[PDB]
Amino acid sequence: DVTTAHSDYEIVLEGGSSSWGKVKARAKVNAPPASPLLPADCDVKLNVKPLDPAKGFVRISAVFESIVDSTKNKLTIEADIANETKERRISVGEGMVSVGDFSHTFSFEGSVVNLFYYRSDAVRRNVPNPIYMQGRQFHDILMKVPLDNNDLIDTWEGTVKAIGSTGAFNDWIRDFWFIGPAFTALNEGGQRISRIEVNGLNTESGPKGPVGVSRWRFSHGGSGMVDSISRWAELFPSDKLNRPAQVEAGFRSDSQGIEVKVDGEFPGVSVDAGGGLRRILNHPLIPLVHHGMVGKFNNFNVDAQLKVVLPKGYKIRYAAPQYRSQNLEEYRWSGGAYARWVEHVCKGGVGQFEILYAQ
């Protein structure tokens, strides 16, 4: 037996200053996942449609479905979201969660204010492609859940009794919130979750059955690698959504290994690089930092290939690890310095791999 990682990644780019792209991925490794419960199979579906361009609103949906050991899980969430200002963004929404025989629903309203610690022009003009951006991000959340199970009233009253009876509740809550190795992953990425504030508890804010209502804030700090904070605008290109976008991702896994597929189509794949050039967006760092926590437990060979198809007439002007071949606007990366880049990022490395291209 030998442990090999087989992957194929594909990127097909829309033309113009359309930043749109199709992304496809297939991956196979015969190594165990680091889930203490297995088998672990999961499918995710994300869609997003322009709702009101002019007020900036987008309607986004997410369906998470999985089976763990044997337990069937489901979570959906659909929400309306828009930029109010450069740092203030707002949301109203709804969803449901389910695990085996249990389900509940929920609705919410939420604001999020993203603040960079500094905004120097001596930085702006001297660093062409900046990466690290330190900042802190402020969530303000109104959420409601119908209390229609009796598990829900039990957890409600357990919590209501926990608050007010403890006082280190907005501190210790993080122990519960960031379950398992999620806790550890906070510091791995230079991420800090502040203590919460509870600004109220209401019963019953909804005429149907009893409804449990939470008014709470938290804050999260990042030292620079946290894409949520560092890449606040970019990660939400409402402005480029001229039509509905979508991604389907899935994995199957067990003691024998991991299989994953990805298919999607969405803006943000390429960005203006300055100077008539464009690039594939900078690799977000959290995916690589957090997968790093699992990627080092078995030695593997890399059988990996990337294909990039540029729009018609476009040429690559520069590529970090260089490509192996080209055939009109199709470029392919395989072995050599690219296989070493793939080994590197799978294990936690964030070494830059850059592709700039122009007509």
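For every residue, the number given is its place in the sequence shown, counted from 1.
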Tell me which of 233-241 and 204-212 has the higher mean C-alpha B-factor in the deposited entry. 204-212
Quick tally, chain-level thirds of C-alpha B-factors: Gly16 sits in the highest
Check where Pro181 lands among this chain's C-alpha B-factors and tell me if it's the lowest, middle or highest third. middle
Among modelled residues of the same chain, the CA temperature factor third for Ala168: highest
In terms of its chain's C-alpha B-factors, the third that includes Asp1 is the highest
Place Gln256 in the lowest, middle or highest third of its chain's C-alpha B-factors, as listed in the PDB entry. highest
